[PDB]
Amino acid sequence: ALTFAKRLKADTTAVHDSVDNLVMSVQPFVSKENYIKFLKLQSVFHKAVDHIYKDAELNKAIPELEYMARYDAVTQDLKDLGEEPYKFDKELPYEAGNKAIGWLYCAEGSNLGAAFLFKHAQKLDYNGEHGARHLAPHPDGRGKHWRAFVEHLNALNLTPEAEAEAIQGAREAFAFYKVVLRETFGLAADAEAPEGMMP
């Protein structure tokens, strides 16, 4: 990998796939009840990167970053389902520095992949205007919007030392996501999708 954005993906594809498999494994779209659990998980994760999107310094290296946050859309999705705002039990990670960049990558990247989730959400009468607001595509199209975001990432001009932290940060973001998922769907700690399952 000769670029920052590509190295991130490279060092996190395995953990990313474990996330994809685990989410699918818990049947988020099998019922309104389960979907609600999926929204709560999403809520927590996006609440946890809300301070990163609105990060002064980061908004200098990346334009309109703050406006890319999906936390509100998720809370509104919860509203549409008859649920009041959800709040995590434990303490929410509040990452900063280069490791927080990894978290940003994780959250922003998840948009790129919400297409699949968006499609299955729409099978439950949940679309970008109701219930699946947080999954709808960026007005400019997931592809474009993302490739652009990528330029900004590769633009930070982080040193190998910096990337190392950001990448470790991206792994930790993916790890947290699974911790919340397990708790939200009532699984044991360290629970994973059936071994051998492919995304």
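In case it trips you up, residue 1 is the first one in the sequence shown, and so on.
Stretches compared: 4 to 12, 189 to 197. Higher mean C-alpha B-factor in the entry: 4 to 12. When the C-alpha B-factors of 82 to 90 and 103 to 111 are averaged, 82 to 90 comes out higher. For the set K47, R171, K60, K37, the PDB entry puts the maximum C-alpha B factor at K60. Per the PDB record, residue ranking by Cα B-factor puts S31 in the middle third of the chain.
Ranked within its chain, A132 lands in the middle third, by CA B factor from the PDB record. Annotation for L65: CA B-factor lies in the highest third of the chain's modelled residues. Ranked within its chain, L41 lands in the lowest third, by CA B factor from the PDB record.
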